[PDB]
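Descriptive structure summary
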Amino acid sequence: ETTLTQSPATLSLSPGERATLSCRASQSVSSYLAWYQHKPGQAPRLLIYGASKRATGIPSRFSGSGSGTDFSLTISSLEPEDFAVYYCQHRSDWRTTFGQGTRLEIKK
Amino acid sequence: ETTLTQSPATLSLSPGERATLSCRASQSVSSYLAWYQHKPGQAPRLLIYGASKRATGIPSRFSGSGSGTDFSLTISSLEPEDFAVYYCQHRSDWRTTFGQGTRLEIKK
Amino acid sequence: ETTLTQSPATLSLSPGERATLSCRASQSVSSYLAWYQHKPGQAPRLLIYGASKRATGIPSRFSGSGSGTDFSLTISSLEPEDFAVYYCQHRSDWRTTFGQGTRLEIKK
Amino acid sequence: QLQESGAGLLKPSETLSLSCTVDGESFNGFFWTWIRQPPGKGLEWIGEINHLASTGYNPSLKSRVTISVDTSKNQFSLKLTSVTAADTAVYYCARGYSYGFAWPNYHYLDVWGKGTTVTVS
Amino acid sequence: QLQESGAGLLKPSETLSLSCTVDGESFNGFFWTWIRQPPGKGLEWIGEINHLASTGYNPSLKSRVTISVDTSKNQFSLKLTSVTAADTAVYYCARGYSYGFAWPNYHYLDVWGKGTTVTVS
Amino acid sequence: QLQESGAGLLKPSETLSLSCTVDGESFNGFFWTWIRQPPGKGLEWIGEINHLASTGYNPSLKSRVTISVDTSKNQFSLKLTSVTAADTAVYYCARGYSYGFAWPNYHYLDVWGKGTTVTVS
Amino acid sequence: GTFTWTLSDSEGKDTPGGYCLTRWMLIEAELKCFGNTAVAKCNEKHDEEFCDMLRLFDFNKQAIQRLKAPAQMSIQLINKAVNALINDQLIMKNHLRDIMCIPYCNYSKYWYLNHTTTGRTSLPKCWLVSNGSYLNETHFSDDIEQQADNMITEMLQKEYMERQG
Amino acid sequence: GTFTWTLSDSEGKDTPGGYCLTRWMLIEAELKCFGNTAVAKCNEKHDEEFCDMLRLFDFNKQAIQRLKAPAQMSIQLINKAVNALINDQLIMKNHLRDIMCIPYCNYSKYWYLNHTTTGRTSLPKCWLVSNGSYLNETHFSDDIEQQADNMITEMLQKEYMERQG
Amino acid sequence: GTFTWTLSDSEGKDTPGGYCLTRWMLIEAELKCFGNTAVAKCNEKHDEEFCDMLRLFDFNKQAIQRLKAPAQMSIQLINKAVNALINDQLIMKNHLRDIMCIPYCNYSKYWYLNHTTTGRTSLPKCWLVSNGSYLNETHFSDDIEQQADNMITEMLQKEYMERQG
Amino acid sequence: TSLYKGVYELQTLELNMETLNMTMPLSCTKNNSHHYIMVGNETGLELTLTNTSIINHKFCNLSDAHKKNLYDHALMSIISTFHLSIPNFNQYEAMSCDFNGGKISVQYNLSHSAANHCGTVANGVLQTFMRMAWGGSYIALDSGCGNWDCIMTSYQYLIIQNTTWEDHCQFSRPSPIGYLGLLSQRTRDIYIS
Amino acid sequence: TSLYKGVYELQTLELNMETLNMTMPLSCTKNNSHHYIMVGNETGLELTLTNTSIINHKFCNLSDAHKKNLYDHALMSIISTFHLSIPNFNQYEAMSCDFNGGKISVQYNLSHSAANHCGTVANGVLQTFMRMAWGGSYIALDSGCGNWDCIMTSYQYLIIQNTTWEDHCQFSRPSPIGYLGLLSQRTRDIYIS
Amino acid sequence: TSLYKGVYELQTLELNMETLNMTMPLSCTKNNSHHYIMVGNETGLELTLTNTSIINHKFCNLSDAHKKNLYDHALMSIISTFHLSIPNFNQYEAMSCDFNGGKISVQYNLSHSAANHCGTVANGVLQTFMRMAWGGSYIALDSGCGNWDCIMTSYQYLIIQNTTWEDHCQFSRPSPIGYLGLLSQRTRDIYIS
Ligand SMILES: *[C@@H]1O[C@H](CO)[C@@H](O[C@@H]2O[C@H](CO)[C@@H](O[C@@H]3O[C@H](CO[C@H]4O[C@H](CO)[C@@H](O)[C@H](O[C@H]5O[C@H](CO)[C@@H](O)[C@H](O)[C@@H]5O)[C@@H]4O)[C@@H](O)[C@H](O[C@H]4O[C@H](CO)[C@@H](O)[C@H](O)[C@@H]4O[C@H]4O[C@H](CO)[C@@H](O)[C@H](O)[C@@H]4O)[C@@H]3O)[C@H](O)[C@H]2NC(C)=O)[C@H](O)[C@H]1NC(C)=O
Ligand SMILES: *[C@@H]1O[C@H](CO)[C@@H](O[C@@H]2O[C@H](CO)[C@@H](O[C@@H]3O[C@H](CO[C@H]4O[C@H](CO)[C@@H](O)[C@H](O[C@H]5O[C@H](CO)[C@@H](O)[C@H](O)[C@@H]5O)[C@@H]4O)[C@@H](O)[C@H](O[C@H]4O[C@H](CO)[C@@H](O)[C@H](O)[C@@H]4O[C@H]4O[C@H](CO)[C@@H](O)[C@H](O)[C@@H]4O)[C@@H]3O)[C@H](O)[C@H]2NC(C)=O)[C@H](O)[C@H]1NC(C)=O
Ligand SMILES: *[C@@H]1O[C@H](CO)[C@@H](O[C@@H]2O[C@H](CO)[C@@H](O[C@@H]3O[C@H](CO)[C@@H](O)[C@H](O)[C@@H]3O)[C@H](O)[C@H]2NC(C)=O)[C@H](O)[C@H]1NC(C)=O
Ligand SMILES: *[C@@H]1O[C@H](CO)[C@@H](O[C@@H]2O[C@H](CO)[C@@H](O[C@@H]3O[C@H](CO)[C@@H](O)[C@H](O)[C@@H]3O)[C@H](O)[C@H]2NC(C)=O)[C@H](O)[C@H]1NC(C)=O
Ligand SMILES: *[C@@H]1O[C@H](CO)[C@@H](O[C@@H]2O[C@H](CO)[C@@H](O[C@@H]3O[C@H](CO)[C@@H](O)[C@H](O)[C@@H]3O)[C@H](O)[C@H]2NC(C)=O)[C@H](O)[C@H]1NC(C)=O
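Counting starts from 1 on each chain and goes along its sequence as written, which need not follow the entry numbering; residues with no coordinates are hidden. By the order in which they are written, chains take letters starting at A while ligands take numbers starting at 1. By convention in this description, side-chain values take in all heavy atoms of the structure and omit both hydrogens and water.

Structure determination for this entry is recorded as cryo-EM, at 3.71 Å resolution.

Listed below in structure tokens is the structure:
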């Protein structure tokens, strides 16, 4: 089977700065990773799927790409509303996993 | 399944008179009814089969007809020798029944 | 099933004389009999197979024939070295038997 | 021309065990029928059997009655286990035929035995 | 447009028994997914099920979890026996899809329930 | 050119357990034969085996003897359970061949081992 | 023989001319022989009921005469021979025509033309049936005339080649 | 009818001449009728895609018109009819040509010649394809000329016989 | 190519003329080429052993040359090709002739006629065998003369048409 | 006779398809309730359409039928040819047999339920029947022609049994065609296991 | 047009093989991941090449599928025709089904192990597929032509399901040929039990 | 040569049916006790008529033979083609196999009981054999011709095994015809279950 690792467990930029969150697979990924945004008290929301698809209601601030074993989530300007927790999602036939989760933080 | 009912449980005419014994089915009869004559101390004898066939040794005094759910045995003149018990017989695939039995009686 | 019988249980001639050992089957033999020579302290050696085949290292002194139920081993001159024990061998599909064994003896 | 005939006995308990020996004409062309007539009652059917030992039975006797055939003696024997007070009847063995062709079809019992009386006293 | 919704309770022992009622749109076109999030942890997958009741499970829960579907009510209920201190998590029910055609393919969970909190105190 | 050779021991009870190691030439082209010769007796056949482990046995030993083959070591071992006073014989392992073609056909045992002596004292 | 029979026999010629149907082969008839031209035509026909039957009859003649089956009919002979004896398209065709309510061949009677002089004959064609009976000539008189025209045409072509040769 | 169709129908003649393909049978076309000579040729051909399709289309016409199936397609009709309607050699042949990378017939478009006067036409031949597309005329212009030569030859033979008769 | 091979290939013409059998195709022989007329005749024959074999040999030539099987013989190719390559009637026919004790074809040697001038040849016909050996010419000298008459007839017909055209 | 073109007499042949009995089975029809297949001048099969049954159970012990070999080989071949030709035979409870002693009796249950919902059992069995007795079968079933897929009769059972040779033909001439028609296309309309 | 010999116009026909739907199945292809078989103007089958699966087990309950008769007969006939045409189908663990309620979904597992060691499962399944969707299948599999015996694709599963009629044809004209091609030669390349 | 009509030389061809080995199986006969089928220039099958046996039991583990896939596919195809072509093969105790390791050895027991009562096992097995090795089989069995239905030999067993390629042909020219002859008509004379 395969696993995912997200190296930047904690990342801190002020709002308005551009930032990325990397994600690595143990094997060439069967399929492509999806990204989820999670808030402290709600439910996960699909942010990006298929590495680069932004779905519908997700703003243009969020984009991404990846292939092989190396994927990345890009937030173009870090709006204050986006400083929460992100997760990688990977599905194999009848099996799926998640990354550890990475968090964004506002500093002053 | 199906059943037979013979309404004229007791019928009485003097010898020489014409008489009939009716027989009714609960469902259109699969096949046709047979009639048997029975004597008090012998064995049943086939009288009529297929509603109207008189077989062989049975005298012309006995005839009959029927269809659907309604059948009848006709004795043209009631010879004294015929005043005994009659039964209806009905056979379905691997199942068969008999009527209750009707009796003829000589009166004076 | 079938069996073999060797009648001449003990046979005695001086060396240099010609002799035979007969062998009889209970049924026409399926296949042909083989003969073995055995020494008191060694191992049996194939002498003749298929009634008449002498194999390889066996000297011309040994021959034989047979058919049906009647077979015979012929030793043309009884060399002193040949005065030991002989056996008949018969094989049927997945079954085989041996005769009783016959012995040659030197007399003076 | 033909006459069917059986055998039996008065049988207080155990099994009824009645036997019917078939006459020599056409054993395999007919349905062998067993019927019963308790005193005060009309005719009841017990069951039927053919030469391939294919059978049918009156459902009320399903747990007690098994009809057998032995063609090597043109003899078929009725069997009714746990015989009781309600089985005190005259038993009959008869030859039946069903003309299941085209239409109208028909069925009857023609050659009858004389009747065997069985009680359970 | 669509909203999935379930039910549950705090459950100290026995079996977790959570239920999810599906909205009225396209029950049979998606993989029904159950996930879990214990406090202090990231997201975990429990298992998935489709409308033919074909399932897959997280091997660590193989001996305790069985996911069922009842299409006649568009309702599938999570089941987790021998519930314990390690299962004190928020449970979510989500609709998933996998585009297994040509290349690149993809998978995601789009419509999410609100989250059911279950503890074992 | 070729020489078959086995191993064994004196064996008062239990099982005979004799082994025969085949030479390197044509293991699969012959019927492996076990024979016996008790003192005072002629030759007896025990049984035979080929490389597909297809066997035949002397009926008198059917309940006690099982012959096995292991082709990965060109070694087949005799087995005789409940060994007794009547089995005190010299055992031999031999290679056999049967020419079952046209007519006449024939059979023989050509390469012989030296003989293993087994007693039950 | 000269008709290169796709049969187990190589010599189907009992007498010069075509294949003959004898007294035991025909119903209420004696011997009827066809010429070799008409029979030879079937050598290359893949849609003809009459010669489908000639193949079965000739097969049977040889099967009985040359090899012997000790008991039963030893049915395996026909089971393995038929694919080479019968043009299955014809059986299926006539079966389909029957299920669809149009005249079809049930392989009983055949109609042929016989010239009043010379004795030239055509190949028999199946007399089609419908609704339990044989059709009257009126219903296929057109087919009979086409066959008559074909016989005339062939005779004229023969005469032409005799004149050329 | 005169083409002796190996079909469930016996009268395939809607109008004098060959079998016609109507507005609903052709794509983006109205009515196209072929003469009887060209259609009759298929009576004896065991290697022709166009008439293999004529048999299925005519079969369908009759199957729909005469017998009625209350529900579903009652697929058994085709399952038992095909061996008599289709020359399987052709399907297997074109399949093999496809697996071996050479032009093959996928039974879509057919090319035929139509004379500028008289209106005589040839049987359509399958327009072969390869690598997802139709071949250009250049690649088979030789086959088109052989067919044109055959039409010319037949017309001359017809005139010859008219002169003789 | 012009013989419209019911094969996986569409171009069976290696050189103008008929299909040629090369050094590796014949036993103890070099190259033997037949004319196109004789080969073309098999286009419409449903009862001929020689061209049944030409179809297998040509099939094999193409199967080897164009597609590649990494290991084994990949036997599925023949299993699905044969119904389109072989006229099964011929195998069954010769098998039946064998079981019934008459001369039959075992597809080994073939006899043909070769004219002393022009080089015109006929299609080879199977040299029949019986009782473990080949038949002597005496037993079929009649068949050889019929074939010779047919070659003569065809040459005369050709000359006739050249005179007319 | 009719003198086509003034020169051709129209003449007929009728083939005596009786002489064929030595090599191939011949079938014919007696009235509408009886159809026969002969396998020579000794024995054959009777096929009847009846409203009674002989066998009142659901077993057909084919394995035992072949462990023992007491049956006529041609007759078994014919039963197989008939059976294996029934399209879409998904319901096996409809078939019962008595292969005991070498005797052959095979029943097919044609009962509905639903008739209008055609194509279940009776249709496939009766279609096979129409080919085996082809040409003499047209009066045995009701609604002849009409459809191809909803073949029905008034009879509830098709029963096939072994019998003796007697002429047995009164409605149709004996013909090899029925059997031969089912000899080919033996494996068609077969559902997976 | 091109005036062959100066007198013959070269003209074309294209057959409207749609009108044939009343009597025989028609197949066609949508892109490369979708292939359809219609059995009239109401229903049909979808055949897809996918990298997901619906059924995650090894059962195909054919016995129950036939004990009950809730399925469309034509659709089952087509599934059988497809299945029985797969050569050398020695591995049965590769096939799974859900015949419950009359619904049909059948999966064939095309996964290797070993690809270079061709001729195991995917080859036979894909070869059968190329005939059923013949003429619209040439872009669905990789390495078209090349060999005949090592047919492979990038997809792990072939899934066949029941659907509704919609035009559904965008890559190839509807054609009866695929189905008809597998109608004949039904029993070939069958291993003993 | 013979100058038919004074102008035609009578000439011959003999076909080199060896070059066909790349595409189709070829069979030939060595003496009367050995018959070979080659499936290329590497391997093939030996078919022998013998009066000995290798396998002394009644098992043929076909299910395991296919669960594992250690066997050559062409060789298994040929064994199946041979087996399934045996008519009326009602007695299965007559067949035994050893499909272990991918190795193939299959035995057919031709023993009577009753010979005069022909048509049981040996006949069907030997008839199939005569087609597989057709043209080189005529000296292997006794009573060649005579009947078609009572084919017998002096040998008790037919044994088919896997071997290596060697020329192996001394009595008949290699020919594809035997195999091809049994390729068609694969499903004939099959008894119901
Ligand atoms: C293709 O389709 C066509 C068209 O449907 C079929 O053609 C039919 O084929 C049948 C069978 O061959 C023909 O039936 C035979 O006809 C004989 C003549 O009499 C019958 O026809 C007349 C006039 O139509 C009727 O009046 C008769 O009916 C009356 O008499 C019979 C007597 O039994 C009664 O049963 C009826 O109820 C009527 O009272 C007849 O139908 C007829 O004689 C023949 O029957 C004899 O021969 C058979 C042969 O087995 C015996 O079984 C039978 O018992 C009779 O045998 C007596 O005579 C012989 C000597 O000849 C003695 O040896 C016997 O012991 C015994 O005394 C039979 O009925 C039918 O006429 C014919 N229809 C037409 C229009 O031509 C084709 O067969 C079909 N082909 C194929 C291959 O499928
Ligand atoms: C349709 O039916 C016909 C009629 O029945 C069949 O025709 C027969 O086909 C076979 C096989 O092709 C022919 O056999 C071959 O004949 C060669 C010539 O010698 C043989 O015939 C003469 C005269 O009849 C005999 O005297 C010989 O017998 C003697 O010698 C052999 C030697 O082995 C002994 O075995 C005998 O006991 C006799 O002592 C022969 O029978 C013959 O050379 C050939 O054998 C060689 O080639 C084969 C090829 O595989 C080798 O297996 C074999 O070992 C021999 O090979 C040697 O030579 C080659 C070089 O050429 C070297 O490379 C080798 O290493 C080795 O040294 C074989 O015997 C038969 O003659 C022929 N009959 C007639 C009448 O024509 C058709 O085949 C059949 N067709 C079909 C499709 O079914
Ligand atoms: C339907 O088939 C069965 C099975 O073949 C037929 O029954 C069998 O009939 C034969 C005689 O033809 C019996 O064999 C011999 O019978 C005589 C009688 O005197 C006896 O002396 C011999 O020793 C020998 O047994 C056979 O036993 C019998 N088998 C069975 C199971 O009944 C049956 O007759 C056929 N049906 C019809 C209508 O013919
Ligand atoms: C694939 O096949 C299945 C089985 O045939 C299809 O499902 C079935 O659909 C029919 C309607 O077409 C259902 O019957 C009727 O449904 C109406 C709904 O309002 C109801 O009122 C009627 O009383 C009746 O039940 C049938 O029950 C249903 N069966 C199953 C197992 O679902 C399915 O729709 C087909 N797939 C596609 C894409 O069409
Ligand atoms: C009949 O078929 C069996 C099964 O294919 C043949 O036995 C097999 O032979 C191959 C070699 O051709 C063995 O594989 C290789 O053997 C070499 C030996 O040095 C080894 O180094 C390799 O690693 C590999 O294992 C295969 O294991 C063997 N299998 C069995 C079950 O024996 C047999 O040889 C064929 N019969 C004849 C006469 O050729």
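After that view, the rundown keeps rolling.
Another aspect to go through is the sheet that holds strand 7 (residues 75-78) of chain E. Think of a sheet as strands paired side by side through backbone hydrogen bonds, with each pair either parallel or antiparallel. Residue and element names in this part refer to chain E. In short, DSSP must find at least two bridges between two strands for them to pair. For helices the rule is a DSSP run of H or I covering at least 4 residues; for strands it is a run of E covering at least 2, with both sets numbered from the N terminus onward. With respect to topology, four strands assemble into an open sheet ordered 1-2-7-6, the strand pairing being antiparallel. Unpaired on one side and paired on the other, strand 1 (5-7) and strand 6 (68-70) mark the two borders of the sheet. Strand after strand, the sheet turns through a mean of 20° between neighbouring axes, direction not considered. Note on geometry: axes are lines fitted to C-alpha atoms, helical ones only across the stretch in contact, with angles between N-to-C directions running from 0 to 180 degrees.

Glancing now at the arrangement of the chains. We call two residues in contact whenever any of their non-hydrogen atoms come within 4.5 Å of each other. At no point do chain D and chain G touch; the closest pair of C-alpha atoms across them sits 19 Å apart. Chain G makes no contact with chain F, the minimum C-alpha separation between the two being 27 Å.

Any pair of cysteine sulfurs within 2.5 Å is marked as a disulfide. Scanning the model with the defined rule gives 27 disulfides over all chains in all. Paired by a disulfide, H:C42 and H:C51 hold their sulfur atoms 2.0 Å apart. Looking along the S-S bond of the H:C42-H:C51 disulfide, the torsion reads about 65°, which is the right-handed sense. Exposure classes here rest on a 1.4 Å probe applied to the protein chains alone. A residue is buried below 20% of its type maximum, exposed above 50%, and partly exposed in between. Classification of H:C42 by relative accessible area gives buried; the value is 6%. Linked covalently through their sulfurs, H:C101 and K:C145 form a disulfide whose S-S length is 2.0 Å. Taking the torsion about the S-S bond as the criterion, the H:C101 to K:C145 disulfide, at about -135°, is left-handed. You can see H:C101 sitting in the loop between helix 5 (88-99) and strand 3 (109-115) and its partner K:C145 sitting in the loop between helix 3 (122-132) and strand 7 (157-164), one on each of two chains. A residue is classified by how much of its surface remains accessible, and K:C145, at 13% relative accessible area, is buried.

Around ligand 2 lies a shell of 13 residues, among which I:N106, I:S108, I:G132, L:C169 and L:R173 are the nearest. At 3.5 Å, a backbone N or O of L:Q170 approaches an oxygen atom of ligand 2. Separating an oxygen atom of ligand 2 from a backbone N or O atom of L:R173 is a distance of 3.0 Å. Here the accessible surface of atoms and residues is derived via Shrake-Rupley with a 1.4 Å probe, and residues count as covered only by protein chains that are part of the display. Its free accessible area being 1,400 Å², ligand 2 has 38% of it covered by the protein chains. Class assignment of the residues belonging to the shell around ligand 2 gives a composition of five nonpolar, six polar and two charged. Being near a molecule or strand, for a residue, comes down to having at least one heavy atom within 4 Å of it. The term polar contact refers here to a pair of N or O atoms within 3.5 Å; inside protein, the definition further demands a hydrogen-donor-capable atom paired with an acceptor-capable atom, and it admits residues adjacent in sequence only when both atoms are side-chain atoms. Only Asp, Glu, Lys and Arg are considered charged in this grouping, and only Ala, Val, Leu, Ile, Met, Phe, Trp, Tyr, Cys and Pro are considered nonpolar; every other residue, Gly among them, is considered polar.

Residues and elements named next belong to chain K. Every residue near ligand 4 is listed here: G101, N162, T163 and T164. In this structure, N162 approaches ligand 4 through a side-chain N or O atom, which is 2.3 Å from an oxygen atom. Protein coverage of the free-state accessible area of ligand 4, which is 770 Å², stands at 27%. Along the lines of polarity and charge, the residues of the shell around ligand 4 split into no nonpolar, four polar and no charged.

Here the focus is the interface of chain G and chain L. Taken together, the contact pairs 13 residues of chain G with eleven residues of chain L. Accessible area, probed at 1.4 Å, shrinks when two parts are joined; the buried area is that loss added up over both. Summed over both sides, the interface between chain G and chain L buries roughly 1,000 Å², with carbon and sulfur atoms accounting for 55% of that surface. Looking at the side of chain G facing chain L, the largest losses of area belong to G:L67, G:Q76 and G:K80, adding up to 48% of the total buried there. Salt bridge, as applied in this entry: a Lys or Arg side-chain nitrogen positioned within 4 Å of an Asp or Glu carboxyl oxygen. Here chain G is connected to chain L by one salt bridge. In this structure, L:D189 engages G:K80 in a salt bridge whose closest nitrogen and oxygen atoms are separated by 2.4 Å. Linking chain G with chain L are five residue pairs in polar contact, by the criterion used here.

The strand order across the open sheet built from three strands is 4(H)-3(H)-1(K), with neighbouring strands paired in antiparallel fashion. Looking at the sheet topology across the chains shown, the edges are occupied by strand 4 (125-126) of chain H together with strand 1 (8-14) of chain K. One ladder, built from two bridges, connects strand 3 of chain H with strand 4 of chain H; its direction is antiparallel. Pairing of H:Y110 across the sheet is with H:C126, part of strand 4 of chain H. In the packing of helix 6 (residues 141-164) of chain H onto the sheet, the strands contacted are strand 3 and strand 4 of chain H together with strand 1 of chain K, and the crossing angle to strand 3 of chain H comes to about 40°.

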